[PDB]
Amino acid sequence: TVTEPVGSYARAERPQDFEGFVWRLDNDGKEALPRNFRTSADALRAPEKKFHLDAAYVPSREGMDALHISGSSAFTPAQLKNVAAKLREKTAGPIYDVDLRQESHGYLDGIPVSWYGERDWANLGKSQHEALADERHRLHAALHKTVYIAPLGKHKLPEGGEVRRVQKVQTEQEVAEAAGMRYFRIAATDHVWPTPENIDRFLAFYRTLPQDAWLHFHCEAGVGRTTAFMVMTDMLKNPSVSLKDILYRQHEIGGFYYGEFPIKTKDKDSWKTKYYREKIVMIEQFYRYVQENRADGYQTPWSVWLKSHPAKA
């Protein structure tokens, strides 16, 4: 009897110890584009030293021209419009804003904010239905009320910021539509491998996309969640490409590197270590799922297949 299988370690954490406490500023809006903006059309750059990769290695670009995906961190409405314009120069198909954030977030007076709890786990353990209900209620409750919006500084705690009486509230779905993008939400918890529920939902969505759909994935800050789904999409769409090439190329266009590397954390972030190790194991298991299930058109869902073929630490 195993309480939590590999790929589900976060289920052991207690949601009540990470409840939200502040409206975090997701982007100050000073730049034209959100941070970490990158597309599959981009040239590959040298790998980051931290990953101890082979800088001489030349990854195959097989399928990258037709992949049609991009990623970025959070954005203001104006930044999303800039992203949409850039992507429209690359395709005539529908462009999707694939929101990978489980945390409740939205726009107050056009300012992108999120209800932040320790480790960005304010919605940990909630079903997507529950997470979205929390978001809807919180955003609506902010209208015509005074709120404190702040960036996180020293030790992931509020520092500075501003206080305002909100006159307009918008969901990301509304902002996406205003930018001419379709919207699709996958409520994935920050810092951990996406759940079987998250991936099942993504795969079902992937299956009904028109051939020319362009997927723009985004998370809050960094490249963890976006890279996981960009890697999964690359594997699904280009199954003949080696795991090494997929992992190297998604890292070299600006994402995270999801293969083995010497994990090193500050004491303050030692809790992240097992989650990084879990992600490495799970990306390999997903690759196995794609290889073993593509032939019959993925008749067996990832969640079902993973229960019969559990990953090992």
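Residue numbers run from 1 along the displayed sequence.
- In this entry, 173-181 has the higher mean Cα B-factor, the comparison being between 173-181 and 91-99.
- For the pair 154-162 and 188-196, the mean Cα B-factor is higher in 154-162.
- Of the residues listed, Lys126, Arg225, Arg119, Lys81, the entry assigns the biggest Cα temperature factor to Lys81.
- Per the PDB record, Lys86 has a higher Cα B-factor than any other of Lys86, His105, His216, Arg201.
- Sort the chain's modelled residues by C-alpha temperature factor and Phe21 lands in the lowest third, per the entry.
- In this PDB entry, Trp305 carries a Cα temperature factor that places it within the middle third of its chain's modelled residues.
- Ranked against the other modelled residues of its chain, the C-alpha B-factor of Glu62 as given in the entry falls in the highest third.
- Per the deposited record, the Cα B-factor of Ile69 falls in the lowest third when ranked against the other modelled residues of its chain.
- In the deposited entry, the Cα temperature factor of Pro210 sits in the top third of values across the chain's modelled residues.
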